[PDB]
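Only one structure is covered here, and it is reproduced in the block below.
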Amino acid sequence: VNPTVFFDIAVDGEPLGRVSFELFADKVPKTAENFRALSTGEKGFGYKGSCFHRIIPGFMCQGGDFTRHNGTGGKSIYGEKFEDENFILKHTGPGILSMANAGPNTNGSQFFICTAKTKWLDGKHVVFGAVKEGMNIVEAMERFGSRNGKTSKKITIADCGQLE
Ligand SMILES: [Mg+2]
Numbered sequence: 002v003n004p005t006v007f008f009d010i011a012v013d014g015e016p017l018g019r020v021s022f023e024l025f026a027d028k029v030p031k032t033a034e035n036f037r038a039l040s041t042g043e044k045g046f047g048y049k050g051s052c053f054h055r056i057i058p059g060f061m062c063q064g065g066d067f068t069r070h071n072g073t074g075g076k077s078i079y080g081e082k083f084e085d086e087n088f089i090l091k092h093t094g095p096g097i098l099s100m101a102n103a104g105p106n107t108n109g110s111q112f113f114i115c116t117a118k119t120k121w122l123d124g125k126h127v128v129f130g131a132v133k134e135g136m137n138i139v140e141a142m143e144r145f146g147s148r149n150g151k152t153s154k155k156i157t158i159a160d161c162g163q164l165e
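Numbering of the sequence shown is given in full-length UniProt numbering, commencing with residue 2 and proceeding in unit increments.
Take a look at the structure:
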């Protein structure tokens, strides 16, 4: 069954709300497993405490760089980076969870949550999940972003893990 993960989002250290995702392990097991493990923190490193360093209203919220917190870092549980598992799922609208990357086969730990349909990313970024609960919290997060993605407040993952 597809695992479910949650993020407890905070603004400047204050709780904002919880966001949960369903990970499509049935279609992209390797990619889903990477995100799941990073969320539980079972490997000794992960998303807990990291921030969303790039938030662009009307486009997406990007995070996952738990090593450099600026988009230059992050790593997977399979090594620094791993292959594009497949492009079965498309960016069909708000709530889509997809892997950020630096070109073909450079998936690490960085990911983004779409806040709109972004078809031009199809075939370029691997989609592996979708917001299940808390899409309103994701939209709320946009209020702290900007055209170039720079955030006006510190948006962090105060806590995360696996549900169900
Ligand atoms: Mg992949």
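Yeah, the Cβ is synthetic: ideal placement off N, Cα and C, and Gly gets one too.
Of the residues assessed, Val2 falls on the exposed side of the cut-off, its CB having fewer than 16 other CB atoms within 10 angstroms.
Placement of the Cβ of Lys31 at a distance of less than 8 Å from at least one heavy atom of ligand 1 is found. For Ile97, the CB contacts under 7 Å within the same chain, skipping 5 residues up- and downstream, are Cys115, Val128, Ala131 in chain order.
By the criterion of at least three beta-carbon pairs nearer than 8 Å, the region 134–149 is not in contact with the region 100–108. The DSSP-derived three-state label of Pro30 is helix. In the structure shown, the three-state DSSP call for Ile138 is helix. A distance below 6 Å between beta-carbons, with the five flanking residues on each side excluded, links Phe53 to the following residues of its chain, in chain order: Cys62, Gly64, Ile156.
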